Amino acid sequence: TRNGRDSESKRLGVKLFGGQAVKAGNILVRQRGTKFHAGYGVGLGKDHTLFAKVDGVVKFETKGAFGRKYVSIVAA
Amino acid sequence: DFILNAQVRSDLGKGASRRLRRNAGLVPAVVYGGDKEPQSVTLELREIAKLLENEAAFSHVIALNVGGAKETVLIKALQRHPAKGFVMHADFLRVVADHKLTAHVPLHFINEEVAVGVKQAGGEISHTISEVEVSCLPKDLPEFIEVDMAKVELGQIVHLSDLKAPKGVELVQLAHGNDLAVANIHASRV
Amino acid sequence: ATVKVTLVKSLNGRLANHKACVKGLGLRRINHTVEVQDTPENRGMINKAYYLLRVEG
Amino acid sequence: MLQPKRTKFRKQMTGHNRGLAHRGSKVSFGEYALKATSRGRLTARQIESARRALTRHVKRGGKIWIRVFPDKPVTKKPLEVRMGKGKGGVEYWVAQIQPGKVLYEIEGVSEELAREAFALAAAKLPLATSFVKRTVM
RNA sequence: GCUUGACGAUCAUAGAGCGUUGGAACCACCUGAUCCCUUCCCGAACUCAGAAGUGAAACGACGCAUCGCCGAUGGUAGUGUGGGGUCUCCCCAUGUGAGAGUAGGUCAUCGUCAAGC
RNA sequence: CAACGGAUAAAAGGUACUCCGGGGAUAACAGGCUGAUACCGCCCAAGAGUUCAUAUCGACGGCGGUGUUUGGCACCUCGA
RNA sequence: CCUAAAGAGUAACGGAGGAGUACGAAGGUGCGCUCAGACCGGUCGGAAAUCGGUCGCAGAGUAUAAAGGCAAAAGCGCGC
RNA sequence: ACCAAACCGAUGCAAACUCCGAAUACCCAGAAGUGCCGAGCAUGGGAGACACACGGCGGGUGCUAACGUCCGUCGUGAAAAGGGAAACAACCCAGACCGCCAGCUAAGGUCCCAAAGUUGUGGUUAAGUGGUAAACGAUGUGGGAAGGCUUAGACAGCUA
Ligand SMILES: [Mg+2]
Ligand SMILES: [Mg+2]
Ligand SMILES: [Mg+2]
Ligand SMILES: [Mg+2]
Ligand SMILES: [Mg+2]
Ligand SMILES: [Mg+2]
Ligand SMILES: [Mg+2]
Ligand SMILES: [Mg+2]
Ligand SMILES: [Mg+2]
Ligand SMILES: [Mg+2]
Ligand SMILES: [Mg+2]
Ligand SMILES: [Mg+2]
Ligand SMILES: [Mg+2]
Ligand SMILES: [Mg+2]
Ligand SMILES: [Mg+2]
Ligand SMILES: [Mg+2]
Ligand SMILES: [Mg+2]
Ligand SMILES: [Mg+2]
Ligand SMILES: [Mg+2]
Ligand SMILES: [Mg+2]
Ligand SMILES: [Mg+2]
Ligand SMILES: [Mg+2]
Ligand SMILES: [Mg+2]
Ligand SMILES: [Mg+2]
Ligand SMILES: [Mg+2]
Ligand SMILES: [Mg+2]
Ligand SMILES: [Mg+2]
Ligand SMILES: [Mg+2]
Ligand SMILES: [Mg+2]
Ligand SMILES: [Mg+2]
Ligand SMILES: [Mg+2]
Ligand SMILES: [Mg+2]
Ligand SMILES: [Mg+2]
Ligand SMILES: [Mg+2]
Ligand SMILES: [Mg+2]
Ligand SMILES: [Mg+2]
Ligand SMILES: [Mg+2]
Ligand SMILES: [Mg+2]
Ligand SMILES: [Mg+2]
Ligand SMILES: [Mg+2]
Ligand SMILES: [Mg+2]
Ligand SMILES: [Mg+2]
Ligand SMILES: [Mg+2]
Ligand SMILES: [Mg+2]
Ligand SMILES: [Mg+2]
Ligand SMILES: [Mg+2]
Ligand SMILES: [Mg+2]
Ligand SMILES: [Mg+2]
Ligand SMILES: [Mg+2]
Ligand SMILES: [Mg+2]
Ligand SMILES: [Mg+2]
Ligand SMILES: [Mg+2]
Ligand SMILES: [Mg+2]
Ligand SMILES: [Mg+2]
Ligand SMILES: [Mg+2]
Ligand SMILES: [Mg+2]
Ligand SMILES: [Mg+2]
Ligand SMILES: [Mg+2]
Ligand SMILES: [Mg+2]
Ligand SMILES: [Mg+2]
Ligand SMILES: [Mg+2]
Ligand SMILES: [Mg+2]
């Protein structure tokens with residue numbers, strides 16, 4: 001056998017789901033690439049991490065051309 | 001001839017359909033088309049399977065008697081058991097006098113024995129397809145389309161454009177610029 | 001308005017989700033009957049544990 | 001015998017064989033067919049054995065199709081070898097068969113000649129089969 | 001309300017293809033390279049100064065389902081809970097329920113402002 | 001410091017001359033489970049048998065039985 | 001990356017591949033631009049050099065494995 | 001008269017393919033009731049344990065072999081007696097505070113051993129099948145939907 005290798009998992013995915021209350025600086029998605037794009041009130045890190053710049057709730061909408069998925073923050 | 005009796009079906013779902021086939025010997029079915037809301041019906045298994053033995057069971061219009069109501073109908077699709085081969089479901093298309101219906105029609109190969117490619121060249125006859133998809137008004141829907149192979153030599157290909165359809169009958173596939181082969185004469189295997 | 005509910009089968013070895021449905025109605029042991037108001041919240045626990053109960057109505 | 005010219009990977013997991021054959025349950029090319037009515041798997045030596053036993057009986061014209069292809073490699077651990085120490089090496093290739101799958105087709109012969117020839121083929125296969133005819137729907 | 005521009009809403013039922021049509025204005029092509037600005041060369045593109053010509057091209061409007069795209073009803077597959085069998089796989093009761101295909105739709109629908117009636 | 005949470009700045013072997021504490025937490029013998037393999041039956045029948053498939057055999061393939069060989073596992077026994 | 005059972009995590013002497021670097025510009029910014037491929041025509045090349053036209057929509061590219069991304073291109077060029 | 005990329009149509013397959021796509025399970029919020037009178041959380045005192053086993057479901061490995069092995073998720077044993085499966089940790093029913101020469105039920109049962117139907121109605125089996133078994137083979141027997149011939153003489157027999 002010459003196969004017994006693997007790397008440690010990274011715990012990616014959605015951290016806050018649609019409708020949850022958020023605070024500024026909260027991490028929403030951990031990503032490789034942009035499966036989701038930063039909507040209104042959302043910033044993007046250098047590893048494509050989506051974080052909240054303002055307070056409100058998560059929205060998650062598929063809009064625009066290119067059929068992209070956006071995560072935005074709206075006022076409750 | 002082509003007459004069926006069916007009853008209205010009001011219990012729907014996976015469980016209700018399985019009890020029809022298991023405990024009553026019935027078949028679920030649907031009638032749609034024309035200009036009406038679709039209707040769910042049920043009919044005898046041994047009655048539909050008897051009519052299906054007729055050659056022109058899919059290229060013919062049928063008088064469907066649901067309850068006491070009689071309407072004219074053509075058989076559109078047919079679901080069968082993959083292993084045992086009996087009919088599990090069937091759907092019915094309503095027939096209107098002035099409206100084009102699109103149906104499958106079987107072919108008939110005549111005078112294969114007198115084929116030029118057979119007696120002289122000693123070649124076999126192979127039917128690439130055995131039915132064709134047509135589109136026409138109900139008043140001129142044929143029970144079959146007849147293709148002859150008298151003037152066919154060895155190595156010759158018969159296409160959809162070669163065969164001729166009755167008046168008012170259109171071949172669907174030929175309209176889309178695709179004349180797929182129907183039959184050919186080729187050399188013997190050994 | 002209300003509905004009779006009676007526990008007829010044992011609670012041993014049931015799914016933890018189903019144990020909390022019987023406990024949420026107020027049922028303690030076999031052959032014990034309670035009064036619960038017929039509301040959609042109470043009906044949902046009755047349906048989830050239908051096989052453990054006898055609903056007289 | 002029959003096996004892919006090349007494959008992306010050398011080995012495969014065993015998997016499971018469930019369901020019915022809704023795809024591949026029609027007589028698509030010929031006039032008569034041999035159809036499987038039980039589930040199992042053919043080892044590409046039973047396919048070749050049943051083909052030679054089938055074409056020999058006709059010996060005069062007729063076209064014959066094979067609708068099954070063995071594309072699943074299976075391994076085997078050699079004798080006197082313990083458990084573990086890696087997966088075994090590939091020995092033969094197999095095809096998964098679900099009930100209702102058409103195995104062979106033929107045209108250009110009488111119904112009785114096809115019915116006799118498919119009987120000889122079915123005696124080399126480790127599963128129940130049946131004889132069917134082509135229908136419009 | 002009728003026509004043309006700019007910015008949006010929404011991302012194919014809104015796209016593609018074929019055909020007819022628009023110059024009073026608007027726009028586009030158009031004339032020249034003196035002056036700002038430009039080509040790893042070229043006023044081709046960017047830029048400036050324009051008013052001889054045209055709607056050819058481009059753009060817009062209008063028709064057509066051939067393609068593309070949407071797409072039922074019903075059935076089938078799978079599946080949570082409880083129980084059975086001949087237990088590699090299935091069936092029953094209850095809840096849920098596709099993908100594909102079929103009948104059939106589609107040549108979009110709106111908002112703000114400025115110019116011509 | 002890759003033996004990659006890195007014993008020390010600094011380190012290889014033999015024991016059939018051996019010894020102690022423990023283990024059926026773990027091998028060798030026999031038992032048990034299994035039956036790939038082994039052995040014994042049966043199904044199909046191209047073919048051999050001058051002709052003739054089945055007097056006698058029987059290719060390519062398929063289905064079982066017995067625990068009966070080579071194995072797999074490590075459940076019992078290392079205060080025998 | 002799969003196993004991994006549509007949140008995270010999840011073992012085997014399970015199935016497959018890489019790393020122990022590189023770059024003072026391969027970083028920042030402003031401006032500007034779209035590939036691969038096919039066909040036709042064109043001197044030595046002729047299947048493939050540079051060129052002109054049409055189609056093409058990312059089948060190219062990304063310093064380096066694979067996966068996830070890339071039109072405000074994250075791809076390509078120039079000045080500071 | 002050989003081969004033939006590519007293209008068109010028909011037709012299958014994929015853990016490391018996806019134009020699609022559930023049920024469940026996971027987060028979040030608002031509500032009625034129940035909670036053994038608490039369930040949650042935080043901070044301290046004391047631990048034990050870090051050899052697990054089988055059964056079901058989803059998988060890898062093995063031969064979809066093992067009372068094999070390695071994971072996920074439930075139940076039981078471990079640390080759970082009582083009744084049933086002849087006997088039988090892990091299967092089914094059910095969780096033992098004590099006493100009673102009282103009653104009703106669960107799984108499983110009702111000819112005798114041995115408590116309770118030689119109970120009632122309609123059928124099937126002739127094999128002690130029940131109370132072990134595959135490909136394959138057979139005028140066993142019951143039921144059902146249909147066919148080829150035939151009083152212009154069908155099939156078996158007899159008289160030339
Ligand atoms: Mg490995
Ligand atoms: Mg891991
Ligand atoms: Mg991982
Ligand atoms: Mg930044
Ligand atoms: Mg169901
Ligand atoms: Mg239980
Ligand atoms: Mg496996
Ligand atoms: Mg499939
Ligand atoms: Mg539906
Ligand atoms: Mg659908
Ligand atoms: Mg679709
Ligand atoms: Mg260490
Ligand atoms: Mg270490
Ligand atoms: Mg250390
Ligand atoms: Mg020493
Ligand atoms: Mg000692
Ligand atoms: Mg000792
Ligand atoms: Mg041991
Ligand atoms: Mg150990
Ligand atoms: Mg001994
Ligand atoms: Mg031993
Ligand atoms: Mg055996
Ligand atoms: Mg011979
Ligand atoms: Mg045995
Ligand atoms: Mg022995
Ligand atoms: Mg062990
Ligand atoms: Mg012993
Ligand atoms: Mg010992
Ligand atoms: Mg002793
Ligand atoms: Mg996951
Ligand atoms: Mg999961
Ligand atoms: Mg673990
Ligand atoms: Mg390595
Ligand atoms: Mg870069
Ligand atoms: Mg990539
Ligand atoms: Mg752009
Ligand atoms: Mg997949
Ligand atoms: Mg209390
Ligand atoms: Mg330890
Ligand atoms: Mg610890
Ligand atoms: Mg441990
Ligand atoms: Mg262990
Ligand atoms: Mg464990
Ligand atoms: Mg265990
Ligand atoms: Mg399992
Ligand atoms: Mg396993
Ligand atoms: Mg096991
Ligand atoms: Mg074990
Ligand atoms: Mg388990
Ligand atoms: Mg557990
Ligand atoms: Mg317990
Ligand atoms: Mg213990
Ligand atoms: Mg007990
Ligand atoms: Mg007991
Ligand atoms: Mg007992
Ligand atoms: Mg027993
Ligand atoms: Mg009872
Ligand atoms: Mg008695
Ligand atoms: Mg009696
Ligand atoms: Mg009786
Ligand atoms: Mg007996
Ligand atoms: Mg017996």
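Side chains are part of it too, since the values below use all heavy atoms of this structure and drop only hydrogens, waters and symmetry mates. Chain naming here is simple, since letters A, B, ... match the order of the sequence lines and numbering starts at 1 in each.
Atom pair B/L180:CG and H/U11:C1' shows a separation of 14 Å (rounding to whole Å applied). The separation between B/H89 atom NE2 and E/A103 atom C1' is 13 Å, rounded to whole Å.
Residue D/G88 is in sugar-phosphate contact alone, with no base atom involved, counting any heavy-atom pair closer than 4.0 Å across all strands shown. Across all strands shown, C/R43 has no heavy atoms under 4.0 Å from either base or sugar-phosphate atoms. Within 4.0 Å of A/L16, counting heavy atoms only, lies no atom of the nucleic acid at all. Across all strands, B/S17 comes closer than 4.0 Å only to sugar-phosphate atoms, never to a base (heavy-atom distances). B/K36 comes within contact range of no nucleotide atom at all, as no heavy-atom separation falls under 4.0 Å. Here B/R80 lies out of heavy-atom contact (under 4.0 Å) with every strand. If you check every strand for non-hydrogen atoms under 4.0 Å, C/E35 touches nothing. Contact annotation for B/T102: no contact, since no heavy-atom pair falls under 4.0 Å across all strands. Nucleic acid contact class of B/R22 (heavy atoms, under 4.0 Å, all strands): sugar-phosphate only. B/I129 comes within contact range of no nucleotide atom at all, as no heavy-atom separation falls under 4.0 Å. Backbone-only contact: D/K101 has heavy atoms under 4.0 Å from sugar-phosphate atoms and none from a base. Within 4.0 Å of D/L20, counting heavy atoms only, lies no atom of the nucleic acid at all. Residue-level contact check: A/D6 touches the bases, meaning some heavy atom is under 4.0 Å from a base atom. Contacts of D/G19 with the nucleic acid, taken as non-hydrogen atoms under 4.0 Å apart, involve only primed sugar atoms and P, OP1 or OP2.
Here E/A44 is in the anti range [glycosidic angle more than 90° from 0]. Glycosidic torsion of G/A67 falls outside 90° of 0, placing the base in anti. With a glycosidic angle no more than 90° from 0, H/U151 adopts the syn conformation. Glycosidic conformation of G/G59 is syn; the angle stays within 90° of 0.
Considering only side-chain N and O atoms, D/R41 lies under 4.0 angstrom from the phosphate OP1 or OP2 of H/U64. Note on D/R82: a side-chain N or O is less than 4.0 Å away from OP1 or OP2 of F/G72. A close approach under 4.0 Å does not occur between any side-chain nitrogen or oxygen of A/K63 and OP1 or OP2 of E/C11. Within the 4.0 Å cut-off from OP1 or OP2 of H/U11, not a single side-chain nitrogen or oxygen of D/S28 is found. For H/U61, one of the phosphate oxygens OP1 or OP2 lies less than 4.0 angstrom from a side-chain nitrogen or oxygen of D/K87. Taking only side-chain nitrogens and oxygens, A/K15 never comes nearer than 4.0 Å to OP1 or OP2 of H/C27. Checking the phosphate oxygens (OP1, OP2) of F/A59, no side-chain nitrogen or oxygen of D/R45 falls inside 4.0 Å. For A/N3, a side-chain nitrogen or oxygen approaches OP1 or OP2 of G/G15 to under 4.0 Å. Applying the 4.0 Å criterion to OP1 and OP2 of H/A10, one finds that D/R23 has every side-chain N and O outside that range. Here C/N12 does not reach the OP1 or OP2 of H/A94: none of its side-chain N or O atoms lies under 4.0 Å away. Of the side-chain N and O atoms in A/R32, none sit less than 4.0 angstrom from OP1 or OP2 of G/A67. Note on C/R14: a side-chain N or O is less than 4.0 Å away from OP1 or OP2 of H/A94. The shortest distance between the side-chain N/O atoms of C/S10 and the OP1/OP2 oxygens of H/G95 is below 4.0 Å. Note on B/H176: every side-chain N or O is 4.0 Å or more away from OP1 and OP2 of E/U66.
Residues D/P126 and D/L42 come closest through the heavy atom pair CD-CD2, 3.6 Å. When all heavy atoms of D/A44 and D/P70 are compared, the pair lying nearest together is CB-CG, 3.5 Å.
In this structure, C/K4 pairs ionically with C/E35, as a charged nitrogen and a carboxylate oxygen lie closer than 4.0 Å. A salt bridge links D/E111 with D/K133: the closest approach of a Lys/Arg side-chain nitrogen to an acidic carboxylate oxygen falls below 4.0 angstrom. The existence of a salt bridge linking D/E48 and D/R51 is confirmed by a sub-4.0 Å separation between a basic side-chain nitrogen and an acidic carboxylate oxygen. Note on B/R46 versus B/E44: salt bridge recorded, some NZ/NE/NH1/NH2 to OD/OE distance being below 4.0 Å.
B/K14 contributes no side-chain N or O that forms a donor-acceptor pair with the base of E/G95 under 3.5 Å. In this model, a side-chain donor or acceptor of A/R5 finds a partner on the base of G/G17 within 3.5 Å. Donor-acceptor pairing under 3.5 Å, judged by distance alone, is present between the side chain of D/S49 and the base of F/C60. Residue-to-nucleotide contacts include no donor-acceptor pair under 3.5 Å from the side chain of C/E41 to the base of H/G33. Below the 3.5 angstrom threshold, one finds no donor paired with an acceptor across the side chain of B/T128 and the base of H/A10.
Judged by closest nucleotide on RNA chain H, D/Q96 is the one of C/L15 and D/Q96 placed further toward the 5' end. Between A/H37 and D/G84, the residue anchored closer to the 5' end of RNA chain G is D/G84, taking for each the nucleotide with the nearest heavy atom. Residue whose closest nucleotide on RNA chain G sits further toward the 5' end, between D/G86 and A/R68: D/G86. Heavy-atom distances to RNA chain H give each of C/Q37 and A/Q20 a nearest nucleotide, and the one nearer the 5′ end belongs to A/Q20.
The pairing partner recorded for G/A8 is none, the criterion being a Watson-Crick or G-U wobble arrangement whose two distances lie under 3.5 angstrom. In this entry G/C55 has G/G37 as its Watson-Crick or G-U wobble partner, both defining distances falling under 3.5 Å. With a 3.5 Å ceiling on both atom-pair distances, the Watson-Crick or G-U wobble partner of H/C54 is H/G75. When both distances must be under 3.5 Å, the Watson-Crick or G-U wobble mate of E/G5 is E/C113. Across all strands shown, E/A24 has no partner, as no Watson-Crick or G-U wobble contact with both distances under 3.5 Å is found.
Among H/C13, G/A16, E/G74, the nucleotide with an atom closest to any side-chain atom of B/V30 is E/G74. Nearest to the side-chain atoms of D/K8 among the listed nucleotides H/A66, H/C17, F/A36 stands H/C17.
You cannot call D/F69 stacked on the base of H/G12; the centres under 5.5 Å and planes under 30° rule is not satisfied.
With P as the reference atom, E/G1 and E/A16 are 26 Å apart, rounded to whole Å.
The aromatic rings of A/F36 and A/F60 sit perpendicular, their planes meeting at an angle over 60°, well past the 30° parallel limit.
Not one N or O on the side chain of B/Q173 forms a donor-acceptor pair closer than 3.5 Å with the backbone of B/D179. In this structure a side-chain-to-backbone donor-acceptor pair under 3.5 Å is missing from D/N17 to D/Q96. Between the side chain of D/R39 and the main chain of D/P99, no donor-acceptor pair closer than 3.5 Å is present.
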